[PDB]
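File shown: protein-v2.pdb (PDB, C-alpha atoms).
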```pdb
ATOM      1  CA  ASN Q2703       6.695  14.776 -16.635
ATOM      2  CA  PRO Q2704       5.177  12.993 -13.600
ATOM      3  CA  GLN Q2705       5.139   9.293 -14.467
ATOM      4  CA  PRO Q2706       2.012   7.264 -13.659
ATOM      5  CA  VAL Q2707       1.711   3.458 -13.772
ATOM      6  CA  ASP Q2708      -1.225   1.273 -14.776
ATOM      7  CA  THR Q2709      -2.808  -1.812 -13.191
ATOM      8  CA  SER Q2710      -4.614  -3.474 -16.134
ATOM      9  CA  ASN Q2711      -1.688  -4.463 -18.381
ATOM     10  CA  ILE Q2712      -1.646  -8.219 -17.649
ATOM     11  CA  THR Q2713      -3.678 -10.725 -15.663
ATOM     12  CA  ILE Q2714      -2.212 -11.642 -12.286
ATOM     13  CA  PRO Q2715       0.245 -14.582 -12.431
ATOM     14  CA  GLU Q2716      -0.305 -17.679 -10.335
ATOM     15  CA  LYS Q2717       2.657 -17.159  -7.993
ATOM     16  CA  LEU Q2718       1.133 -13.718  -7.329
ATOM     17  CA  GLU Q2719      -2.580 -14.624  -7.187
ATOM     18  CA  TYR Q2720      -2.033 -16.819  -4.100
ATOM     19  CA  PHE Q2721       0.228 -14.070  -2.698
ATOM     20  CA  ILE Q2722      -2.679 -11.622  -2.227
ATOM     21  CA  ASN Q2723      -4.406 -13.419   0.669
ATOM     22  CA  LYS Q2724      -1.459 -13.080   3.045
ATOM     23  CA  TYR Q2725      -0.920  -9.532   1.755
ATOM     24  CA  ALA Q2726      -4.598  -8.600   2.102
ATOM     25  CA  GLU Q2727      -4.816  -9.915   5.662
ATOM     26  CA  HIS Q2728      -1.652  -7.985   6.496
ATOM     27  CA  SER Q2729      -3.018  -4.795   4.947
ATOM     28  CA  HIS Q2730      -6.172  -5.445   6.970
ATOM     29  CA  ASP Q2731      -4.141  -5.436  10.189
ATOM     30  CA  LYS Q2732      -2.422  -2.160   9.256
ATOM     31  CA  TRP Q2733      -5.500  -0.234   8.119
ATOM     32  CA  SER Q2734      -7.009  -1.238  11.472
ATOM     33  CA  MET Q2735      -3.927  -0.483  13.601
ATOM     34  CA  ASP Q2736      -3.938   3.218  12.665
ATOM     35  CA  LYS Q2737      -7.551   3.742  13.756
ATOM     36  CA  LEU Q2738      -7.919   1.390  16.748
ATOM     37  CA  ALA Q2739      -4.908   2.889  18.584
ATOM     38  CA  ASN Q2740      -6.825   5.739  20.267
ATOM     39  CA  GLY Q2741     -10.101   4.392  21.685
ATOM     40  CA  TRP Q2742     -12.362   3.826  18.674
ATOM     41  CA  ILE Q2743     -14.676   0.794  18.737
ATOM     42  CA  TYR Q2744     -16.689  -0.612  15.835
ATOM     43  CA  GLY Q2745     -20.429  -0.742  16.447
ATOM     44  CA  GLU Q2746     -23.801   0.435  15.131
ATOM     45  CA  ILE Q2747     -24.569   4.065  16.064
ATOM     46  CA  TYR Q2748     -22.521   6.283  13.743
ATOM     47  CA  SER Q2749     -21.266   9.794  14.566
ATOM     48  CA  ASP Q2750     -17.965  11.692  14.847
ATOM     49  CA  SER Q2751     -17.652  12.599  18.554
ATOM     50  CA  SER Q2752     -19.290   9.454  19.980
ATOM     51  CA  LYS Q2753     -16.105   7.315  19.722
ATOM     52  CA  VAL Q2754     -17.570   4.682  17.377
ATOM     53  CA  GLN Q2755     -16.083   4.005  13.945
ATOM     54  CA  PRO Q2756     -18.647   2.443  11.568
ATOM     55  CA  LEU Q2757     -16.042   2.282   8.771
ATOM     56  CA  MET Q2758     -14.000  -0.371  10.647
ATOM     57  CA  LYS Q2759     -15.222  -3.369   8.683
ATOM     58  CA  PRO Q2760     -13.763  -6.813   9.510
ATOM     59  CA  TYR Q2761     -11.910  -9.056   7.057
ATOM     60  CA  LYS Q2762     -13.891 -12.245   7.737
ATOM     61  CA  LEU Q2763     -17.429 -11.892   6.348
ATOM     62  CA  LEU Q2764     -16.749  -9.677   3.313
ATOM     63  CA  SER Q2765     -18.428 -10.341  -0.047
ATOM     64  CA  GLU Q2766     -17.512  -9.060  -3.534
ATOM     65  CA  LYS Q2767     -19.135  -5.585  -3.293
ATOM     66  CA  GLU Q2768     -17.545  -4.278  -0.078
ATOM     67  CA  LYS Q2769     -13.968  -5.346  -0.833
ATOM     68  CA  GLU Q2770     -12.634  -2.210  -2.560
ATOM     69  CA  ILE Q2771     -11.532  -0.387   0.616
ATOM     70  CA  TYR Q2772      -8.836  -3.011   1.269
ATOM     71  CA  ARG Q2773      -7.817  -4.178  -2.218
ATOM     72  CA  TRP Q2774      -7.621  -0.579  -3.522
ATOM     73  CA  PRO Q2775      -4.292   0.221  -1.773
ATOM     74  CA  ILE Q2776      -3.189  -3.281  -2.860
ATOM     75  CA  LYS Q2777      -3.942  -2.917  -6.586
ATOM     76  CA  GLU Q2778      -1.786   0.231  -6.604
ATOM     77  CA  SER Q2779       1.114  -1.905  -5.295
ATOM     78  CA  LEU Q2780       0.888  -5.378  -6.850
ATOM     79  CA  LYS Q2781      -0.048  -4.581 -10.451
ATOM     80  CA  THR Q2782       2.028  -1.377 -10.507
ATOM     81  CA  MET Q2783       5.136  -3.481  -9.912
ATOM     82  CA  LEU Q2784       3.642  -5.645 -12.697
ATOM     83  CA  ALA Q2785       3.675  -2.575 -14.994
ATOM     84  CA  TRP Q2786       7.466  -2.702 -15.493
ATOM     85  CA  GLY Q2787       8.249  -6.419 -15.819
ATOM     86  CA  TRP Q2788       9.190  -7.312 -12.245
ATOM     87  CA  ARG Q2789       8.931 -11.023 -11.399
ATOM     88  CA  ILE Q2790       9.271 -11.887  -7.709
ATOM     89  CA  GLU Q2791      12.185 -14.144  -6.816
ATOM     90  CA  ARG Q2792      11.518 -16.481  -3.895
ATOM     91  CA  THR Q2793      14.030 -17.640  -1.271
ATOM     92  CA  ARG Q2794      13.872 -19.378   2.113
ATOM     93  CA  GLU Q2795      10.899 -18.250   4.200
ATOM     94  CA  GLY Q2796      10.914 -17.496   7.912
ATOM     95  CA  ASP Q2797      10.121 -14.994  10.634
ATOM     96  CA  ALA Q2818      -6.691  -2.874  25.494
ATOM     97  CA  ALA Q2819      -9.876  -2.646  23.419
ATOM     98  CA  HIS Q2820     -13.127  -4.575  22.804
ATOM     99  CA  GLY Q2821     -13.275  -6.354  19.455
ATOM    100  CA  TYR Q2822     -10.781  -7.224  16.723
ATOM    101  CA  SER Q2823      -7.314  -7.894  18.198
ATOM    102  CA  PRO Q2824      -4.984  -9.396  15.569
ATOM    103  CA  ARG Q2825      -1.700 -10.989  16.640
ATOM    104  CA  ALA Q2826       0.057  -9.647  13.551
ATOM    105  CA  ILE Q2827       3.477  -8.102  12.874
ATOM    106  CA  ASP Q2828       3.951  -4.338  12.941
ATOM    107  CA  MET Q2829       5.668  -2.480  10.106
ATOM    108  CA  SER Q2830       8.092  -0.915  12.631
ATOM    109  CA  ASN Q2831      10.610  -3.786  12.617
ATOM    110  CA  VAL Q2832      11.760  -4.366   9.011
ATOM    111  CA  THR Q2833      15.097  -2.777   8.129
ATOM    112  CA  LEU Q2834      15.795  -3.446   4.470
ATOM    113  CA  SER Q2835      18.897  -4.709   2.635
ATOM    114  CA  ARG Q2836      20.819  -3.239  -0.296
ATOM    115  CA  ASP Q2837      18.856  -5.121  -2.971
ATOM    116  CA  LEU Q2838      15.576  -3.899  -1.459
ATOM    117  CA  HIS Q2839      16.630  -0.337  -0.574
ATOM    118  CA  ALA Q2840      17.595   0.253  -4.210
ATOM    119  CA  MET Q2841      14.289  -1.313  -5.288
ATOM    120  CA  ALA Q2842      11.995   0.503  -2.837
ATOM    121  CA  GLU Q2843      13.440   3.863  -3.907
ATOM    122  CA  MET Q2844      12.260   2.992  -7.425
ATOM    123  CA  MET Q2845       8.799   2.553  -5.894
ATOM    124  CA  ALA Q2846       8.936   5.580  -3.575
ATOM    125  CA  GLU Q2847      10.023   7.913  -6.382
ATOM    126  CA  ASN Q2848       7.215   6.372  -8.452
ATOM    127  CA  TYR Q2849       4.431   6.907  -5.889
ATOM    128  CA  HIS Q2850       5.011  10.659  -5.654
ATOM    129  CA  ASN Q2851       4.655  11.275  -9.405
ATOM    130  CA  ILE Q2852       1.429   9.241  -9.617
ATOM    131  CA  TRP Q2853      -0.477  11.339  -7.072
ATOM    132  CA  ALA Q2854       1.142  14.489  -8.482
ATOM    133  CA  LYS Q2855      -0.404  13.463 -11.800
ATOM    134  CA  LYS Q2856      -3.569  12.133 -10.123
ATOM    135  CA  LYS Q2857      -4.297  15.650  -8.900
ATOM    136  CA  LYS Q2858      -3.220  16.872 -12.347
ATOM    137  CA  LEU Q2859      -5.892  14.617 -13.847
ATOM    138  CA  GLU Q2860      -8.313  15.776 -11.135
ATOM    139  CA  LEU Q2861      -7.576  19.496 -11.589
ATOM    140  CA  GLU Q2862      -7.351  20.295 -15.285
ATOM    141  CA  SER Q2863     -10.976  19.907 -16.422
ATOM    142  CA  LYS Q2864     -12.453  21.943 -13.530
ATOM    143  CA  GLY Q2865     -10.625  25.104 -14.564
ATOM    144  CA  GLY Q2866      -7.186  23.868 -13.608
ATOM    145  CA  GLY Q2867      -4.138  25.850 -12.577
ATOM    146  CA  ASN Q2868      -0.625  25.316 -11.212
ATOM    147  CA  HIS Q2869       0.645  23.043  -8.436
ATOM    148  CA  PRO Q2870       3.646  23.816  -6.197
ATOM    149  CA  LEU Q2871       5.232  20.397  -5.703
ATOM    150  CA  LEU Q2872       5.651  18.980  -9.215
ATOM    151  CA  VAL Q2873       9.292  20.134  -8.771
ATOM    152  CA  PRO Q2874      12.401  17.824  -8.817
ATOM    153  CA  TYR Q2875      12.950  15.373  -5.998
ATOM    154  CA  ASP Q2876      15.314  17.214  -3.610
ATOM    155  CA  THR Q2877      12.927  20.184  -3.116
ATOM    156  CA  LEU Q2878       9.946  18.513  -1.416
ATOM    157  CA  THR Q2879       8.636  18.212   2.146
ATOM    158  CA  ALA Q2880       8.885  15.294   4.612
ATOM    159  CA  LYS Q2881       5.262  14.488   5.503
ATOM    160  CA  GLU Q2882       4.142  13.673   1.946
ATOM    161  CA  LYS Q2883       7.255  11.514   1.545
ATOM    162  CA  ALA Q2884       6.950   9.620   4.848
ATOM    163  CA  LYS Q2885       3.274   8.927   4.157
ATOM    164  CA  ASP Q2886       4.114   7.495   0.722
ATOM    165  CA  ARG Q2887       7.433   5.769   1.456
ATOM    166  CA  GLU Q2888       5.669   3.423   3.891
ATOM    167  CA  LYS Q2889       3.064   2.207   1.383
ATOM    168  CA  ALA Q2890       5.730   1.590  -1.278
ATOM    169  CA  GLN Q2891       7.716  -0.442   1.261
ATOM    170  CA  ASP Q2892       4.547  -2.219   2.450
ATOM    171  CA  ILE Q2893       5.362  -4.937  -0.076
ATOM    172  CA  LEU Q2894       9.032  -5.194   0.924
ATOM    173  CA  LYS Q2895       8.454  -4.985   4.672
ATOM    174  CA  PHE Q2896       5.832  -7.738   4.397
ATOM    175  CA  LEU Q2897       8.090  -9.691   2.016
ATOM    176  CA  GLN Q2898      10.746  -9.668   4.742
ATOM    177  CA  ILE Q2899       8.113 -10.615   7.309
ATOM    178  CA  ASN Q2900       7.648 -13.686   5.124
ATOM    179  CA  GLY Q2901      11.400 -13.652   4.501
ATOM    180  CA  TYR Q2902      11.601 -13.897   0.690
ATOM    181  CA  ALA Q2903      14.527 -11.718  -0.381
ATOM    182  CA  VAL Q2904      14.362 -10.053  -3.802
ATOM    183  CA  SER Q2905      17.334  -9.555  -6.118
ATOM    184  CA  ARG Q2906      17.799  -6.520  -8.347
ATOM    185  CA  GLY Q2907      19.045  -7.918 -11.659
TER     186      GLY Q2907
END
```
As structure tokens, the full file:
Amino acid sequence: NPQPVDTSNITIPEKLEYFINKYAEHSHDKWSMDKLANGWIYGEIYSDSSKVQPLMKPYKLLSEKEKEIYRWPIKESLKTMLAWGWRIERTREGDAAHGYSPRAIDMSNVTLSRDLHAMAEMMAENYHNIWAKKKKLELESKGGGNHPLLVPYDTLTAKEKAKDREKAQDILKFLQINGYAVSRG
């Protein structure tokens, strides 16, 4: 059975509430780096072939209503780890276009360790069975049928894995940008 995970089991603990702001600014710099790497510029006049992205909203002046395009990939990472009983262990911390140019850290530099490779595979195996069941929940009440890739793990493709391994490691790559190593236990 494809195994989903929930986000509303517990309120967010205090060592993890003040964690979000560095994680949300880092997920802001990575949702912008994918789109602003070709020649798109945020502006006013909205179309498809006029090289202006209206969806590129900044992180600075955002209120409560227009937050759920950034926090929505976050709530499927932070509270989903909080759906098993995982408490973060902390260690010693350490290390053109026209518009928004963040001096952030790319996700193409973090090579994990053994305690984090064995933990991120628990997240990367998890993320495939959620969306496999998310489409199962989407496609059973509309006259649902059968899906090809609900099969066991060694009989999949590479593009759906590489697109979902990166988001599961988006915690651990950013946690090694901050430098807090996690133990397995």
Check: If the PyMOL selection byres ((chain Q and resi 2726) around 12) is run on the structure shown, which residues does it catch, given as a ChimeraX atom specification?
Finding: /Q:2719-2725,2727-2733,2760-2762,2769-2777,2779-2780,2892-2893,2896
List the spatial neighbours of residue Q:2734 as a CSV table (one decimal) with C-alpha atoms, in the frame of the given file - criterion: any atom at most 9 Å away, all atoms listed in the file, same-chain residues fewer than 6 positions off excluded.
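Output (part.csv):
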```
chain,number,residue,atom,x,y,z
Q,2758,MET,CA,-14.0,-0.4,10.6
Q,2759,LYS,CA,-15.2,-3.4,8.7
Q,2760,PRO,CA,-13.8,-6.8,9.5
Q,2822,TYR,CA,-10.8,-7.2,16.7
```
Next item on the list: Would you mind listing what lies within 7 Å of residue Q:2902 as a ChimeraX atom specification, with all atoms listed in the file counted and same-chain residues fewer than 4 positions away left out?
Entry: /Q:2792-2795,2897-2898
Write out the residues from the selection above, keeping C-alpha atoms, as an mmCIF file, in the frame of the given file.
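What follows is the written file again_4.cif:
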```cif
data_model
loop_
_atom_site.group_PDB
_atom_site.id
_atom_site.type_symbol
_atom_site.label_atom_id
_atom_site.label_comp_id
_atom_site.auth_asym_id
_atom_site.auth_seq_id
_atom_site.Cartn_x
_atom_site.Cartn_y
_atom_site.Cartn_z
ATOM 1 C CA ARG Q 2792 11.518 -16.481 -3.895
ATOM 2 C CA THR Q 2793 14.030 -17.640 -1.271
ATOM 3 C CA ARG Q 2794 13.872 -19.378 2.113
ATOM 4 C CA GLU Q 2795 10.899 -18.250 4.200
ATOM 5 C CA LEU Q 2897 8.090 -9.691 2.016
ATOM 6 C CA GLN Q 2898 10.746 -9.668 4.742
#
```
Selection dump of the PyMOL selection byres ((chain Q and resi 2703) around 10), as a PDB file with C-alpha atoms, in the frame of the given file:
```pdb
ATOM      1  CA  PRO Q2704       5.177  12.993 -13.600  1.00  0.00           C
ATOM      2  CA  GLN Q2705       5.139   9.293 -14.467  1.00  0.00           C
ATOM      3  CA  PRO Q2706       2.012   7.264 -13.659  1.00  0.00           C
ATOM      4  CA  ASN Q2851       4.655  11.275  -9.405  1.00  0.00           C
ATOM      5  CA  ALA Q2854       1.142  14.489  -8.482  1.00  0.00           C
ATOM      6  CA  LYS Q2855      -0.404  13.463 -11.800  1.00  0.00           C
ATOM      7  CA  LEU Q2872       5.651  18.980  -9.215  1.00  0.00           C
ATOM      8  CA  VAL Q2873       9.292  20.134  -8.771  1.00  0.00           C
TER       9      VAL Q2873
END
```
Next item on the list: Tell me, in Å to one decimal, how far atom CA of residue Q:2890 is from atom CA of residue Q:2845.
Entry: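 Taking atom CA of residue Q:2890 and atom CA of residue Q:2845, their separation equals 5.6 Å.
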Note to self: Just want the 10 Å neighbourhood of residue Q:2835, counted on only C-alpha atoms, with same-chain residues fewer than 3 positions away dropped. Output as a PyMOL selection string.
What the structure shows: chain Q and resi 2832+2838-2841+2898+2903-2904
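You will find atom CA of residue Q:2842 at 22.4 Å from atom CA of residue Q:2736.
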Item checked: Residues within 12 Å of residue Q:2711, only C-alpha atoms, excluding chain neighbours under 6 positions, as a PyMOL selection string -> chain Q and resi 2780-2787
Check: With distances taken over all atoms listed in the file, which of Q:2900, Q:2884, Q:2894, Q:2742 is nearest to residue Q:2757?
Finding: Q:2742
Item checked: Distance query residue Q:2819 at most 9 Å, only C-alpha atoms, self and fewer than 2 positions along chain excluded, as a ChimeraX atom specification -> /Q:2738-2739,2741-2743,2821-2823
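Interatomic distance, atom CA of residue Q:2862 against atom CA of residue Q:2709: 22.7 Å.
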Checklist line | Nearest to residue Q:2852 by atom-to-atom distance, counting all atoms listed in the file, from Q:2788, Q:2766, Q:2778, Q:2888 | finding: Q:2778
Margin query: On this structure, the PyMOL selection byres ((chain Q and resi 2871) around 12) would catch which residues? List them as a VMD selection string, sorted by chain and number.
Written below: chain Q and resid 2704 2850 to 2851 2853 to 2855 2857 to 2858 2868 to 2870 2872 to 2879 2882 to 2883
Output, as lines of an AutoDock Vina configuration file, the centre and edge lengths in Å (one decimal) of the axis-aligned box that contains all listed atoms of stretch 2773-2783 of chain Q with 3 Å of margin on each side.
```
center_x = -1.3
center_y = -2.6
center_z = -6.1
size_x = 19.0
size_y = 11.6
size_z = 14.7
```
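In this comparison, which uses only C-alpha atoms, the residue of Q:2847, Q:2753, Q:2716, Q:2861 approaching residue Q:2889 most closely is Q:2847.
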Atoms added to stretch 2786-2831 of chain Q (N, CA and C atoms), reported as a compact mmCIF listing (two decimals), keeping the file's coordinate frame:
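Output below, filename out17.txt:
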```txt
# COMPACT_ATOMS: atom_id res chain seq x y z
N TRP Q 2786 6.11 -2.85 -14.99
CA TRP Q 2786 7.47 -2.70 -15.49
C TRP Q 2786 8.06 -4.00 -16.01
N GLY Q 2787 7.69 -5.14 -15.43
CA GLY Q 2787 8.25 -6.42 -15.82
C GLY Q 2787 8.96 -7.10 -14.67
N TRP Q 2788 8.54 -6.80 -13.45
CA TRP Q 2788 9.19 -7.31 -12.24
C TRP Q 2788 8.55 -8.64 -11.85
N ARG Q 2789 9.36 -9.70 -11.85
CA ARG Q 2789 8.93 -11.02 -11.40
C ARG Q 2789 9.59 -11.31 -10.05
N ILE Q 2790 8.78 -11.71 -9.07
CA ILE Q 2790 9.27 -11.89 -7.71
C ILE Q 2790 10.11 -13.15 -7.62
N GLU Q 2791 11.34 -13.01 -7.12
CA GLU Q 2791 12.18 -14.14 -6.82
C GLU Q 2791 11.93 -14.60 -5.39
N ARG Q 2792 11.82 -15.91 -5.20
CA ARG Q 2792 11.52 -16.48 -3.90
C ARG Q 2792 12.73 -17.21 -3.33
N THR Q 2793 12.90 -17.08 -2.02
CA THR Q 2793 14.03 -17.64 -1.27
C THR Q 2793 13.45 -18.35 -0.05
N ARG Q 2794 14.31 -18.68 0.91
CA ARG Q 2794 13.87 -19.38 2.11
C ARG Q 2794 13.02 -18.48 3.00
N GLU Q 2795 11.86 -19.00 3.41
CA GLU Q 2795 10.90 -18.25 4.20
C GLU Q 2795 11.16 -18.44 5.69
N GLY Q 2796 10.70 -17.47 6.48
CA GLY Q 2796 10.91 -17.50 7.91
C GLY Q 2796 10.27 -16.30 8.58
N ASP Q 2797 10.65 -16.09 9.84
CA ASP Q 2797 10.12 -14.99 10.63
C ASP Q 2797 10.76 -13.70 10.12
N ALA Q 2818 -6.06 -1.92 26.40
CA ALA Q 2818 -6.69 -2.87 25.49
C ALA Q 2818 -7.98 -2.30 24.92
N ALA Q 2819 -8.62 -3.06 24.03
CA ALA Q 2819 -9.88 -2.65 23.42
C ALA Q 2819 -10.90 -3.77 23.48
N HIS Q 2820 -12.04 -3.59 22.80
CA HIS Q 2820 -13.13 -4.58 22.80
C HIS Q 2820 -13.50 -4.88 21.35
N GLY Q 2821 -12.98 -5.98 20.83
CA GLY Q 2821 -13.28 -6.35 19.45
C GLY Q 2821 -12.15 -7.08 18.74
N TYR Q 2822 -11.75 -6.56 17.58
CA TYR Q 2822 -10.78 -7.22 16.72
C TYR Q 2822 -9.37 -6.95 17.22
N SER Q 2823 -8.66 -8.00 17.63
CA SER Q 2823 -7.31 -7.89 18.20
C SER Q 2823 -6.38 -8.86 17.48
N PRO Q 2824 -5.84 -8.47 16.33
CA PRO Q 2824 -4.98 -9.40 15.57
C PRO Q 2824 -3.58 -9.50 16.15
N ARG Q 2825 -3.07 -10.73 16.19
CA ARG Q 2825 -1.70 -10.99 16.64
C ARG Q 2825 -0.72 -10.93 15.47
N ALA Q 2826 -0.71 -9.80 14.77
CA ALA Q 2826 0.06 -9.65 13.55
C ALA Q 2826 1.41 -9.00 13.85
N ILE Q 2827 2.13 -8.66 12.79
CA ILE Q 2827 3.48 -8.10 12.87
C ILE Q 2827 3.40 -6.65 12.44
N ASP Q 2828 3.93 -5.75 13.27
CA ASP Q 2828 3.95 -4.34 12.94
C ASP Q 2828 4.94 -4.07 11.81
N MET Q 2829 4.75 -2.93 11.14
CA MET Q 2829 5.67 -2.48 10.11
C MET Q 2829 6.80 -1.62 10.66
N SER Q 2830 7.04 -1.67 11.97
CA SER Q 2830 8.09 -0.92 12.63
C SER Q 2830 9.27 -1.80 13.04
N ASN Q 2831 9.53 -2.86 12.30
CA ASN Q 2831 10.61 -3.79 12.62
C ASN Q 2831 11.49 -4.16 11.43
```
